[PDB]
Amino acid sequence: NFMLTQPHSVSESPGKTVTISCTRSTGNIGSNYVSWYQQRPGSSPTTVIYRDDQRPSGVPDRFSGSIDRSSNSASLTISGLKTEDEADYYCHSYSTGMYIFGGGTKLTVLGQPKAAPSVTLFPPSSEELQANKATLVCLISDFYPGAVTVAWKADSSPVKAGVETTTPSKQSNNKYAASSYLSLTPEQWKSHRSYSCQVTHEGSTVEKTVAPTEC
């Protein structure tokens, strides 16, 4: 079958406009209808575009869909942004006997300045190592909008396994916080020169590093 790929997040100020793409990986985007679904936090999805560019009842003409047959991509456009437009948006297309969803796009209607994350990385404690365990704790706070990406390095080599990362959660100051844990063995902790927590927020990436050193 095929895949539909959306950007991780988009953002703009109220009254401005935003466009969210849906790129079909194989086949023709124009072959099958594309539909779009809005999901406000904690709510069930609702349809905002069907049949490439048709609006259900209850959706203002600020919403519109289009199809780009050359980039093999569909687009949802939202103009005159309002606060209640802030949602996750999903594109959908159907091939015979298969229903395919895009990854989803966080739309943040900006209500405050963009803010870089504050990142702290703690190495495993002596206590945990003596219990024959190793956990790296990477604490991410004070970032807006609430979308981040986390990757771990063993020295300079990527670490894909043993990574548990929370989703962003809204703080009291309306910024967002998250955390990422890397479970290691005591040996792979000691047998590397350093480990690294790489946080990427709005294209800028912040890195912290800890080494298996006594002092």
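Start at 1 with the first residue shown and count on from there.
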102-110 versus 121-129: which one carries the higher mean Cα B factor per the record?
121-129
If you take the mean CA temperature factor per stretch, which one wins between 201-209 and 7-15?
201-209
Peak C-alpha temperature factor (PDB record), options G162, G65, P45, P60
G162
Options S35, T149, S156, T166 - largest CA temperature factor per the record
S156
How does the C-alpha B factor of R69 compare with the rest of the chain: lowest, middle or highest third?
middle
For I49, the third of its chain by CA B-factor is the lowest
Is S180 in the lowest, middle or highest third of its chain when residues are ranked by C-alpha B-factor?
middle
Determine, from the deposited record, the chain-internal third of the Cα B-factor for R40: lowest, middle or highest.
lowest
Ranking the modelled residues of this chain by C-alpha B-factor as given in the entry, is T23 in the lowest, middle or highest third?
middle
